[PDB]
file work_20.json (JSON, C-alpha atoms and all ligand atoms)
[["chain", "number", "residue", "atom", "x", "y", "z"],
["H", 1, "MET", "CA", 28.14, -20.42, 1.99],
["H", 2, "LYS", "CA", 25.09, -22.77, 1.77],
["H", 3, "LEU", "CA", 21.29, -22.78, 2.06],
["H", 4, "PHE", "CA", 19.24, -25.69, 3.43],
["H", 5, "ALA", "CA", 15.66, -26.65, 2.56],
["H", 6, "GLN", "CA", 13.51, -29.76, 1.93],
["H", 7, "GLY", "CA", 16.40, -32.05, 3.01],
["H", 8, "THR", "CA", 18.77, -30.82, 0.25],
["H", 9, "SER", "CA", 21.20, -27.89, 0.01],
["H", 10, "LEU", "CA", 22.28, -25.18, -2.41],
["H", 11, "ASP", "CA", 26.03, -24.51, -2.65],
["H", 12, "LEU", "CA", 26.55, -20.75, -3.17],
["H", 13, "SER", "CA", 30.32, -20.93, -3.97],
["H", 14, "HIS", "CA", 29.52, -19.95, -7.58],
["H", 15, "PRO", "CA", 26.74, -17.75, -9.08],
["H", 16, "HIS", "CA", 23.37, -19.43, -9.57],
["H", 17, "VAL", "CA", 20.92, -18.55, -12.31],
["H", 18, "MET", "CA", 17.23, -18.31, -11.16],
["H", 19, "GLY", "CA", 14.83, -18.71, -14.10],
["H", 20, "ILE", "CA", 11.55, -16.75, -14.12],
["H", 21, "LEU", "CA", 8.34, -18.80, -14.45],
["H", 22, "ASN", "CA", 5.30, -16.50, -14.72],
["H", 23, "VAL", "CA", 1.98, -18.32, -14.24],
["H", 24, "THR", "CA", -0.64, -15.91, -15.73],
["H", 35, "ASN", "CA", -3.33, -26.06, -20.30],
["H", 36, "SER", "CA", -1.36, -23.57, -18.15],
["H", 37, "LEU", "CA", 0.11, -26.38, -16.01],
["H", 38, "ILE", "CA", 1.47, -28.42, -18.99],
["H", 39, "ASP", "CA", 3.22, -25.33, -20.37],
["H", 40, "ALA", "CA", 4.71, -24.09, -17.07],
["H", 41, "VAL", "CA", 6.28, -27.53, -16.51],
["H", 42, "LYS", "CA", 7.66, -27.49, -20.10],
["H", 43, "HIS", "CA", 9.13, -24.01, -19.55],
["H", 44, "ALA", "CA", 10.64, -25.16, -16.22],
["H", 45, "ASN", "CA", 12.24, -28.14, -18.00],
["H", 46, "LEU", "CA", 13.84, -25.95, -20.69],
["H", 47, "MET", "CA", 15.21, -23.55, -18.04],
["H", 48, "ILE", "CA", 16.68, -26.51, -16.14],
["H", 49, "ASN", "CA", 18.26, -27.87, -19.37],
["H", 50, "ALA", "CA", 19.72, -24.38, -19.98],
["H", 51, "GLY", "CA", 21.41, -24.51, -16.52],
["H", 52, "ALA", "CA", 18.93, -22.83, -14.11],
["H", 53, "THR", "CA", 19.42, -24.25, -10.64],
["H", 54, "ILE", "CA", 16.43, -22.36, -9.21],
["H", 55, "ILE", "CA", 12.95, -21.70, -10.70],
["H", 56, "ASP", "CA", 11.09, -18.59, -9.41],
["H", 57, "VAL", "CA", 7.30, -19.27, -9.57],
["H", 58, "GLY", "CA", 5.00, -16.24, -9.38],
["H", 59, "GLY", "CA", 1.24, -15.77, -9.84],
["H", 60, "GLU", "CA", 0.91, -12.00, -9.13],
["H", 61, "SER", "CA", 2.36, -9.26, -11.41],
["H", 62, "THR", "CA", 4.31, -6.32, -9.89],
["H", 63, "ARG", "CA", 3.67, -3.59, -12.53],
["H", 64, "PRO", "CA", 1.49, -0.65, -11.29],
["H", 65, "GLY", "CA", -1.77, -1.47, -13.09],
["H", 66, "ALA", "CA", -1.54, -5.20, -12.13],
["H", 67, "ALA", "CA", -4.61, -6.86, -10.60],
["H", 68, "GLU", "CA", -4.59, -7.61, -6.88],
["H", 69, "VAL", "CA", -4.82, -11.38, -7.21],
["H", 70, "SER", "CA", -7.03, -13.09, -4.61],
["H", 71, "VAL", "CA", -5.64, -15.75, -2.25],
["H", 72, "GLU", "CA", -7.73, -18.44, -4.05],
["H", 73, "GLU", "CA", -6.59, -17.35, -7.58],
["H", 74, "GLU", "CA", -2.90, -17.24, -6.48],
["H", 75, "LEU", "CA", -3.18, -20.65, -4.80],
["H", 76, "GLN", "CA", -4.77, -22.18, -7.95],
["H", 77, "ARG", "CA", -2.04, -20.94, -10.31],
["H", 78, "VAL", "CA", 1.08, -21.39, -8.10],
["H", 79, "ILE", "CA", 0.67, -24.50, -5.91],
["H", 80, "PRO", "CA", 0.16, -27.11, -8.71],
["H", 81, "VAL", "CA", 3.18, -25.69, -10.60],
["H", 82, "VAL", "CA", 5.41, -25.81, -7.50],
["H", 83, "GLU", "CA", 4.21, -29.37, -6.76],
["H", 84, "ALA", "CA", 4.63, -30.61, -10.31],
["H", 85, "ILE", "CA", 8.23, -29.27, -10.35],
["H", 86, "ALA", "CA", 9.29, -30.74, -6.99],
["H", 87, "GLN", "CA", 7.96, -34.17, -8.16],
["H", 88, "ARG", "CA", 9.59, -34.19, -11.61],
["H", 89, "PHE", "CA", 12.93, -32.39, -10.99],
["H", 90, "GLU", "CA", 15.82, -31.91, -8.53],
["H", 91, "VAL", "CA", 15.80, -28.11, -9.13],
["H", 92, "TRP", "CA", 15.29, -25.65, -6.25],
["H", 93, "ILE", "CA", 11.99, -23.76, -6.24],
["H", 94, "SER", "CA", 11.51, -20.14, -5.25],
["H", 95, "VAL", "CA", 7.96, -18.90, -4.62],
["H", 96, "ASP", "CA", 7.25, -15.30, -5.42],
["H", 97, "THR", "CA", 4.40, -14.45, -3.03],
["H", 98, "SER", "CA", 3.39, -12.16, -0.18],
["H", 99, "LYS", "CA", 0.47, -14.23, 1.16],
["H", 100, "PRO", "CA", 0.87, -16.47, 4.26],
["H", 101, "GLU", "CA", -1.44, -19.15, 2.82],
["H", 102, "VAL", "CA", 0.65, -19.44, -0.33],
["H", 103, "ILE", "CA", 3.85, -19.43, 1.74],
["H", 104, "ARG", "CA", 2.45, -22.32, 3.85],
["H", 105, "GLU", "CA", 0.93, -24.35, 1.04],
["H", 106, "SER", "CA", 4.03, -23.85, -1.15],
["H", 107, "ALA", "CA", 6.34, -25.27, 1.53],
["H", 108, "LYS", "CA", 4.06, -28.31, 2.04],
["H", 109, "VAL", "CA", 4.41, -29.20, -1.69],
["H", 110, "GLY", "CA", 8.22, -28.72, -1.82],
["H", 111, "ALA", "CA", 9.13, -24.98, -2.26],
["H", 112, "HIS", "CA", 12.71, -24.24, -1.03],
["H", 113, "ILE", "CA", 12.79, -20.40, -0.90],
["H", 114, "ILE", "CA", 10.23, -17.75, 0.03],
["H", 115, "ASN", "CA", 10.87, -14.80, -2.31],
["H", 116, "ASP", "CA", 8.72, -11.91, -1.14],
["H", 117, "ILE", "CA", 9.09, -8.49, -2.75],
["H", 118, "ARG", "CA", 7.31, -7.08, 0.36],
["H", 119, "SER", "CA", 9.74, -8.74, 2.85],
["H", 120, "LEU", "CA", 6.91, -10.41, 4.83],
["H", 121, "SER", "CA", 5.09, -7.15, 5.58],
["H", 122, "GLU", "CA", 1.63, -8.68, 5.04],
["H", 123, "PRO", "CA", -0.35, -9.65, 8.18],
["H", 124, "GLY", "CA", 0.73, -13.21, 9.11],
["H", 125, "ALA", "CA", 3.44, -13.55, 6.42],
["H", 126, "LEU", "CA", 6.24, -13.20, 8.99],
["H", 127, "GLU", "CA", 4.82, -15.96, 11.21],
["H", 128, "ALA", "CA", 3.94, -18.17, 8.20],
["H", 129, "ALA", "CA", 7.52, -17.93, 6.80],
["H", 130, "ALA", "CA", 9.07, -18.77, 10.25],
["H", 131, "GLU", "CA", 6.89, -21.86, 10.62],
["H", 132, "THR", "CA", 8.01, -23.29, 7.25],
["H", 133, "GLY", "CA", 11.66, -23.07, 8.35],
["H", 134, "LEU", "CA", 12.59, -22.18, 4.72],
["H", 135, "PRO", "CA", 15.10, -19.57, 3.42],
["H", 136, "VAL", "CA", 13.60, -16.11, 3.04],
["H", 137, "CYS", "CA", 14.66, -13.37, 0.60],
["H", 138, "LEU", "CA", 14.36, -9.84, 1.96],
["H", 139, "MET", "CA", 13.97, -7.31, -0.90],
["H", 140, "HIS", "CA", 13.99, -3.53, -0.68],
["H", 141, "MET", "CA", 11.04, -1.59, -2.10],
["H", 142, "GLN", "CA", 10.07, 2.05, -1.44],
["H", 143, "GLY", "CA", 6.27, 2.20, -1.13],
["H", 144, "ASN", "CA", 4.27, -0.48, -2.97],
["H", 145, "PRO", "CA", 4.01, -1.60, -6.63],
["H", 146, "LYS", "CA", 1.12, 0.67, -7.80],
["H", 147, "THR", "CA", 2.74, 3.90, -6.62],
["H", 148, "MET", "CA", 6.52, 3.31, -6.09],
["H", 149, "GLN", "CA", 7.60, 4.66, -9.54],
["H", 150, "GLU", "CA", 5.66, 7.97, -9.36],
["H", 151, "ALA", "CA", 8.43, 9.93, -7.66],
["H", 152, "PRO", "CA", 11.02, 7.74, -5.91],
["H", 153, "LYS", "CA", 13.21, 9.79, -3.59],
["H", 154, "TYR", "CA", 16.25, 9.14, -1.40],
["H", 155, "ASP", "CA", 18.67, 11.46, 0.39],
["H", 156, "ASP", "CA", 21.14, 8.57, -0.03],
["H", 157, "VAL", "CA", 19.81, 5.39, -1.68],
["H", 158, "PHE", "CA", 22.62, 3.04, -0.69],
["H", 159, "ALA", "CA", 22.50, 4.14, 2.98],
["H", 160, "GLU", "CA", 18.71, 3.80, 3.09],
["H", 161, "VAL", "CA", 18.57, 0.35, 1.45],
["H", 162, "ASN", "CA", 21.38, -0.66, 3.88],
["H", 163, "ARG", "CA", 19.38, 0.67, 6.88],
["H", 164, "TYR", "CA", 16.33, -1.28, 5.67],
["H", 165, "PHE", "CA", 18.33, -4.54, 5.58],
["H", 166, "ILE", "CA", 19.54, -3.94, 9.20],
["H", 167, "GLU", "CA", 15.97, -3.47, 10.44],
["H", 168, "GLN", "CA", 14.45, -6.33, 8.45],
["H", 169, "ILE", "CA", 17.13, -8.82, 9.52],
["H", 170, "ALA", "CA", 16.32, -7.83, 13.15],
["H", 171, "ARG", "CA", 12.56, -8.15, 12.55],
["H", 172, "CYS", "CA", 13.17, -11.62, 11.04],
["H", 173, "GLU", "CA", 15.38, -12.73, 13.96],
["H", 174, "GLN", "CA", 12.78, -11.51, 16.51],
["H", 175, "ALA", "CA", 10.23, -13.87, 14.89],
["H", 176, "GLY", "CA", 12.71, -16.80, 15.19],
["H", 177, "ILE", "CA", 13.94, -16.71, 11.56],
["H", 178, "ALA", "CA", 17.71, -17.30, 11.99],
["H", 179, "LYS", "CA", 20.09, -14.97, 10.10],
["H", 180, "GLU", "CA", 21.45, -18.04, 8.20],
["H", 181, "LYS", "CA", 18.02, -18.44, 6.45],
["H", 182, "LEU", "CA", 18.08, -14.93, 4.94],
["H", 183, "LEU", "CA", 18.95, -13.56, 1.53],
["H", 184, "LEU", "CA", 19.16, -9.83, 0.69],
["H", 185, "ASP", "CA", 18.08, -8.05, -2.55],
["H", 186, "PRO", "CA", 18.27, -4.31, -3.18],
["H", 187, "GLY", "CA", 15.16, -4.61, -5.36],
["H", 188, "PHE", "CA", 16.17, -3.10, -8.64],
["H", 189, "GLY", "CA", 13.29, -1.04, -10.06],
["H", 190, "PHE", "CA", 11.20, -1.11, -6.86],
["H", 191, "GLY", "CA", 10.71, 2.56, -6.09],
["H", 192, "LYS", "CA", 13.88, 3.65, -7.89],
["H", 193, "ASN", "CA", 14.71, 5.92, -10.83],
["H", 194, "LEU", "CA", 17.49, 5.22, -13.32],
["H", 195, "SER", "CA", 20.08, 7.03, -11.20],
["H", 196, "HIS", "CA", 19.07, 5.18, -7.99],
["H", 197, "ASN", "CA", 19.31, 1.76, -9.64],
["H", 198, "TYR", "CA", 22.83, 2.38, -10.94],
["H", 199, "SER", "CA", 24.04, 3.75, -7.60],
["H", 200, "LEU", "CA", 22.98, 0.46, -6.00],
["H", 201, "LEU", "CA", 24.53, -1.75, -8.70],
["H", 202, "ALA", "CA", 27.83, 0.17, -8.54],
["H", 203, "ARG", "CA", 28.01, -0.35, -4.73],
["H", 204, "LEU", "CA", 26.45, -3.86, -4.59],
["H", 205, "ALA", "CA", 29.65, -5.47, -3.19],
["H", 206, "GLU", "CA", 29.34, -3.29, -0.07],
["H", 207, "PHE", "CA", 26.18, -5.20, 0.93],
["H", 208, "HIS", "CA", 28.46, -8.22, 1.60],
["H", 209, "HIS", "CA", 29.15, -6.93, 5.15],
["H", 210, "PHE", "CA", 25.96, -8.74, 6.28],
["H", 211, "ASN", "CA", 27.62, -12.09, 5.39],
["H", 212, "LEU", "CA", 24.43, -13.12, 3.62],
["H", 213, "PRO", "CA", 23.64, -14.27, 0.08],
["H", 214, "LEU", "CA", 22.86, -11.41, -2.30],
["H", 215, "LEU", "CA", 20.09, -12.03, -4.85],
["H", 216, "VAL", "CA", 19.49, -9.59, -7.72],
["H", 217, "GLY", "CA", 16.84, -9.14, -10.38],
["H", 218, "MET", "CA", 17.55, -6.81, -13.28],
["H", 219, "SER", "CA", 16.44, -8.84, -16.27],
["H", 220, "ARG", "CA", 14.85, -6.82, -19.10],
["H", 221, "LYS", "CA", 14.00, -4.03, -16.64],
["H", 222, "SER", "CA", 13.44, -0.32, -17.08],
["H", 223, "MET", "CA", 16.99, 0.52, -15.88],
["H", 224, "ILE", "CA", 18.14, -1.15, -19.12],
["H", 225, "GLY", "CA", 15.16, 0.07, -21.23],
["H", 226, "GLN", "CA", 15.70, 3.78, -20.44],
["H", 227, "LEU", "CA", 19.41, 3.58, -21.13],
["H", 228, "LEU", "CA", 19.10, 1.85, -24.54],
["H", 229, "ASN", "CA", 15.63, 3.34, -25.46],
["H", 230, "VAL", "CA", 14.30, -0.08, -26.51],
["H", 231, "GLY", "CA", 11.48, -2.41, -25.62],
["H", 232, "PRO", "CA", 11.63, -5.46, -23.31],
["H", 233, "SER", "CA", 12.35, -7.94, -26.13],
["H", 234, "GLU", "CA", 15.48, -5.99, -27.17],
["H", 235, "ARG", "CA", 17.22, -5.88, -23.74],
["H", 236, "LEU", "CA", 19.25, -9.08, -23.63],
["H", 237, "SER", "CA", 22.74, -7.56, -24.03],
["H", 238, "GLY", "CA", 21.93, -4.96, -21.33],
["H", 239, "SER", "CA", 20.51, -7.71, -19.10],
["H", 240, "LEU", "CA", 23.72, -9.78, -19.46],
["H", 241, "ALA", "CA", 25.81, -6.67, -18.71],
["H", 242, "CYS", "CA", 23.80, -6.16, -15.49],
["H", 243, "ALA", "CA", 24.12, -9.82, -14.52],
["H", 244, "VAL", "CA", 27.88, -9.84, -15.09],
["H", 245, "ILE", "CA", 28.40, -6.59, -13.18],
["H", 246, "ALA", "CA", 26.47, -8.10, -10.26],
["H", 247, "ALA", "CA", 28.14, -11.54, -10.28],
["H", 248, "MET", "CA", 31.63, -9.98, -10.51],
["H", 249, "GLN", "CA", 30.78, -8.18, -7.25],
["H", 250, "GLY", "CA", 29.93, -11.55, -5.66],
["H", 251, "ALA", "CA", 26.12, -11.69, -6.09],
["H", 252, "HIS", "CA", 25.03, -15.27, -5.46],
["H", 253, "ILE", "CA", 21.71, -15.60, -7.30],
["H", 254, "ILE", "CA", 20.75, -13.79, -10.53],
["H", 255, "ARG", "CA", 17.03, -13.74, -11.42],
["H", 256, "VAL", "CA", 16.55, -13.81, -15.22],
["H", 257, "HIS", "CA", 14.26, -14.48, -18.20],
["H", 258, "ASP", "CA", 17.09, -15.61, -20.49],
["H", 259, "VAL", "CA", 18.63, -18.61, -18.75],
["H", 260, "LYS", "CA", 20.94, -20.12, -21.40],
["H", 261, "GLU", "CA", 22.70, -16.84, -22.07],
["H", 262, "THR", "CA", 23.00, -15.78, -18.42],
["H", 263, "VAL", "CA", 24.39, -19.23, -17.48],
["H", 264, "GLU", "CA", 26.95, -18.83, -20.29],
["H", 265, "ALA", "CA", 27.91, -15.41, -19.00],
["H", 266, "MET", "CA", 28.11, -16.76, -15.39],
["H", 267, "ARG", "CA", 30.67, -19.41, -16.47],
["H", 268, "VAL", "CA", 32.92, -16.65, -17.85],
["H", 269, "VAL", "CA", 32.50, -14.74, -14.54],
["H", 270, "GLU", "CA", 33.25, -17.93, -12.52],
["H", 271, "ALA", "CA", 36.39, -18.64, -14.54],
["H", 272, "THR", "CA", 37.46, -15.00, -13.93],
["H", 273, "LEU", "CA", 36.67, -15.16, -10.18],
["H", 274, "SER", "CA", 38.43, -18.55, -9.78],
["H", 275, "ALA", "CA", 41.62, -17.01, -11.20],
["H", 276, "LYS", "CA", 41.48, -13.90, -8.88],
["H", 301, "LIG", "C1", 9.48, -11.22, -8.24],
["H", 301, "LIG", "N1", 10.49, -10.25, -8.59],
["H", 301, "LIG", "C2", 10.46, -9.31, -9.58],
["H", 301, "LIG", "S1", 9.08, -9.17, -10.64],
["H", 301, "LIG", "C3", 9.40, -7.63, -11.55],
["H", 301, "LIG", "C4", 10.00, -7.89, -12.91],
["H", 301, "LIG", "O1", 10.57, -8.93, -13.21],
["H", 301, "LIG", "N2", 9.82, -6.77, -13.71],
["H", 301, "LIG", "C5", 9.96, -6.75, -15.13],
["H", 301, "LIG", "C6", 9.95, -7.89, -15.93],
["H", 301, "LIG", "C7", 10.10, -7.77, -17.31],
["H", 301, "LIG", "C8", 10.26, -6.53, -17.89],
["H", 301, "LIG", "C9", 10.26, -5.40, -17.10],
["H", 301, "LIG", "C10", 10.12, -5.50, -15.73],
["H", 301, "LIG", "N3", 11.56, -8.58, -9.59],
["H", 301, "LIG", "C11", 12.30, -9.08, -8.56],
["H", 301, "LIG", "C12", 13.60, -8.69, -8.09],
["H", 301, "LIG", "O2", 14.27, -7.78, -8.56],
["H", 301, "LIG", "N4", 14.00, -9.46, -7.02],
["H", 301, "LIG", "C13", 13.26, -10.50, -6.44],
["H", 301, "LIG", "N5", 13.87, -11.12, -5.37],
["H", 301, "LIG", "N6", 12.08, -10.85, -6.87],
["H", 301, "LIG", "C14", 11.67, -10.11, -7.92]]
call {"tool": "encode", "arguments": {"input": "work_20.json", "output": "structure tokens", "more": "lines below"}}
Ligand SMILES: Cn1c(SCC(=O)Nc2ccccc2)nc2c(=O)[nH]c(N)nc21
result
Amino acid sequence: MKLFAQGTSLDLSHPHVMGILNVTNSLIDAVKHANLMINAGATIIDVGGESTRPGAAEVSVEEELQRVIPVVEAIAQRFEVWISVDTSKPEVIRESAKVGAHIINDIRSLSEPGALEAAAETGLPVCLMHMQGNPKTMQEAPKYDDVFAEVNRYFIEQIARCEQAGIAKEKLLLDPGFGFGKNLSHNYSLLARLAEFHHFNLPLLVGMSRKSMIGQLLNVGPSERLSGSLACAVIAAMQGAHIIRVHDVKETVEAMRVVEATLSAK
């Protein structure tokens, strides 16, 4: 299983660690952080200029472009690493691809006006993530009759929507969207049944690093969640998840080697 973008490819025969690069001189530092994550073994950098917590500011198109595009460019020029852009805005999707972005990672699965068309035109890989509602309201009272079945249904419909716009199935990644309109119970149901999403024959991407599903279980703050984050990452990668989105790259990469050695022997 492979992905293709910007003339290169990503070989998904082993788990990949995707390092988080938040962009909120800013440019000097982002590049430094990207370099460390690459030295620690990250094969993808996820660049994002808009926060997804409920009180977060709606960032304007011009503010998001100013923060994200120079970082994406500066990485594609310096390094061989793949670049994921964490945006919902067609303009950022377009401008990101023009300066070397390899993956469109949209928490809203191209629901914004023009995002679907913009993504198709780039020809890049697209991640389709599940969220109930939207970031400012999704955690109030998340509800499912059956959370696995409903996330599954959502992937069926969104793959179809992507194909209808000329985005081939082979471009797509799927992500159950841990913490995106889900309580503690919902998150763990999804993680326990993650391997069952393989029936789509598509790369699974997961993001659980330092999240509330760990925080509520250990009753600790974000800085104290590493062990819980590694446990999540290992549980996911053992079930065949292809890309793991994390803050702590060195440690996750180390844990992924142990998983890979275990999977190779199986
Ligand atoms: C951009 N993005 C995010 S941002 C939220 C976050 O990191 N929260 C958070 C960070 C630190 C502490 C607590 C919560 N989560 C995902 C995900 O799970 N999947 C994909 N594909 N993209 C994603």
call {"tool": "residues_around", "arguments": {"input": "work_20.json", "residues": "residue 196 (chain H)", "least_positions_apart": "2", "cutoff": "9 Å", "atoms": "all atoms listed in the file", "output": "PyMOL selection string"}}
result
chain H and resi 152-154+156-158+188-189+191-194+198-201
call {"tool": "closest_residue", "arguments": {"input": "work_20.json", "among": "H:169, H:20, H:148, H:236", "to": "ligand LIG 301 (chain H)", "atoms": "only C-alpha atoms and all ligand atoms"}}
result
H:20
call {"tool": "residues_around", "arguments": {"input": "work_20.json", "residues": "residue 190 (chain H)", "least_positions_apart": "5", "cutoff": "12 Å", "atoms": "all atoms listed in the file", "output": "CSV table (one decimal) with C-alpha atoms, keeping the file's coordinate frame"}}
result
chain,number,residue,atom,x,y,z
H,62,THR,CA,4.3,-6.3,-9.9
H,63,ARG,CA,3.7,-3.6,-12.5
H,64,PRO,CA,1.5,-0.6,-11.3
H,117,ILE,CA,9.1,-8.5,-2.8
H,118,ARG,CA,7.3,-7.1,0.4
H,139,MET,CA,14.0,-7.3,-0.9
H,140,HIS,CA,14.0,-3.5,-0.7
H,141,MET,CA,11.0,-1.6,-2.1
H,142,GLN,CA,10.1,2.0,-1.4
H,143,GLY,CA,6.3,2.2,-1.1
H,144,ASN,CA,4.3,-0.5,-3.0
H,145,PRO,CA,4.0,-1.6,-6.6
H,146,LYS,CA,1.1,0.7,-7.8
H,147,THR,CA,2.7,3.9,-6.6
H,148,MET,CA,6.5,3.3,-6.1
H,149,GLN,CA,7.6,4.7,-9.5
H,150,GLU,CA,5.7,8.0,-9.4
H,151,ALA,CA,8.4,9.9,-7.7
H,152,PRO,CA,11.0,7.7,-5.9
H,153,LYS,CA,13.2,9.8,-3.6
H,157,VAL,CA,19.8,5.4,-1.7
H,161,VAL,CA,18.6,0.4,1.4
H,185,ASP,CA,18.1,-8.0,-2.6
H,196,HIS,CA,19.1,5.2,-8.0
H,197,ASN,CA,19.3,1.8,-9.6
H,200,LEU,CA,23.0,0.5,-6.0
H,216,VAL,CA,19.5,-9.6,-7.7
H,217,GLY,CA,16.8,-9.1,-10.4
H,218,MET,CA,17.6,-6.8,-13.3
H,221,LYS,CA,14.0,-4.0,-16.6
H,222,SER,CA,13.4,-0.3,-17.1
H,223,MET,CA,17.0,0.5,-15.9
call {"tool": "closest_residue", "arguments": {"input": "work_20.json", "among": "H:17, H:47, H:109, H:10", "to": "residue 243 (chain H)", "atoms": "only C-alpha atoms"}}
result
H:17
call {"tool": "atom_distance", "arguments": {"input": "work_20.json", "atom1": "CA of residue 56 (chain H)", "atom2": "CA of residue 175 (chain H)"}}
result
24.8 Å
call {"tool": "closest_residue", "arguments": {"input": "work_20.json", "among": "H:55, H:48, H:123, H:115", "to": "residue 18 (chain H)", "atoms": "only C-alpha atoms"}}
result
H:55
call {"tool": "closest_residue", "arguments": {"input": "work_20.json", "among": "H:264, H:173, H:131, H:96", "to": "ligand LIG 301 (chain H)", "atoms": "all atoms listed in the file"}}
result
H:96
call {"tool": "build_atoms", "arguments": {"input": "work_20.json", "residues": "region 229-245 of chain H", "atoms": "N, CA, C and O atoms", "output": "short mmCIF file (atom, residue, chain, number, x, y, z; two decimals), in the coordinates of the input"}}
result
data_model
loop_
_atom_site.label_atom_id
_atom_site.label_comp_id
_atom_site.auth_asym_id
_atom_site.auth_seq_id
_atom_site.Cartn_x
_atom_site.Cartn_y
_atom_site.Cartn_z
N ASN H 229 16.85 2.85 -24.76
CA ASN H 229 15.63 3.34 -25.46
C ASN H 229 14.99 2.26 -26.34
O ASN H 229 14.60 2.53 -27.47
N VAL H 230 14.89 1.05 -25.79
CA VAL H 230 14.30 -0.08 -26.51
C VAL H 230 13.32 -0.83 -25.63
O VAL H 230 13.31 -0.69 -24.40
N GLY H 231 12.52 -1.65 -26.28
CA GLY H 231 11.48 -2.41 -25.62
C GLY H 231 12.04 -3.64 -24.95
O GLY H 231 13.18 -4.00 -25.23
N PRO H 232 11.22 -4.30 -24.10
CA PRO H 232 11.63 -5.46 -23.31
C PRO H 232 12.29 -6.61 -24.08
O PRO H 232 13.19 -7.28 -23.54
N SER H 233 11.84 -6.84 -25.31
CA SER H 233 12.35 -7.94 -26.13
C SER H 233 13.75 -7.66 -26.64
O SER H 233 14.42 -8.59 -27.05
N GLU H 234 14.18 -6.39 -26.63
CA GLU H 234 15.48 -5.99 -27.17
C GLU H 234 16.56 -5.75 -26.11
O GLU H 234 17.54 -5.09 -26.40
N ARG H 235 16.39 -6.26 -24.90
CA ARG H 235 17.22 -5.88 -23.74
C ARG H 235 18.21 -6.93 -23.27
O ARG H 235 18.82 -6.77 -22.21
N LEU H 236 18.41 -7.98 -24.05
CA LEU H 236 19.25 -9.08 -23.63
C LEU H 236 20.69 -8.67 -23.32
O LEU H 236 21.18 -9.00 -22.25
N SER H 237 21.34 -7.95 -24.24
CA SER H 237 22.74 -7.56 -24.03
C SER H 237 22.90 -6.74 -22.74
O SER H 237 23.81 -7.00 -21.96
N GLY H 238 21.99 -5.78 -22.54
CA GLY H 238 21.93 -4.96 -21.33
C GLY H 238 21.66 -5.78 -20.10
O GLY H 238 22.27 -5.53 -19.06
N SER H 239 20.77 -6.78 -20.20
CA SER H 239 20.51 -7.71 -19.10
C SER H 239 21.77 -8.53 -18.70
O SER H 239 22.09 -8.66 -17.53
N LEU H 240 22.48 -9.05 -19.70
CA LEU H 240 23.72 -9.78 -19.46
C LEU H 240 24.80 -8.87 -18.85
O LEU H 240 25.54 -9.31 -17.96
N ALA H 241 24.88 -7.62 -19.31
CA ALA H 241 25.81 -6.67 -18.71
C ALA H 241 25.50 -6.45 -17.21
O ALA H 241 26.39 -6.43 -16.38
N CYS H 242 24.24 -6.28 -16.87
CA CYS H 242 23.80 -6.16 -15.49
C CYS H 242 24.17 -7.37 -14.65
O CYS H 242 24.79 -7.23 -13.59
N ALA H 243 23.81 -8.54 -15.15
CA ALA H 243 24.12 -9.82 -14.52
C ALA H 243 25.60 -10.04 -14.25
O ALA H 243 25.97 -10.50 -13.17
N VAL H 244 26.43 -9.72 -15.23
CA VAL H 244 27.88 -9.84 -15.09
C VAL H 244 28.43 -8.83 -14.08
O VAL H 244 29.29 -9.18 -13.24
N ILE H 245 27.97 -7.58 -14.16
CA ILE H 245 28.40 -6.59 -13.18
C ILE H 245 28.07 -7.07 -11.77
O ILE H 245 28.92 -6.98 -10.87
#
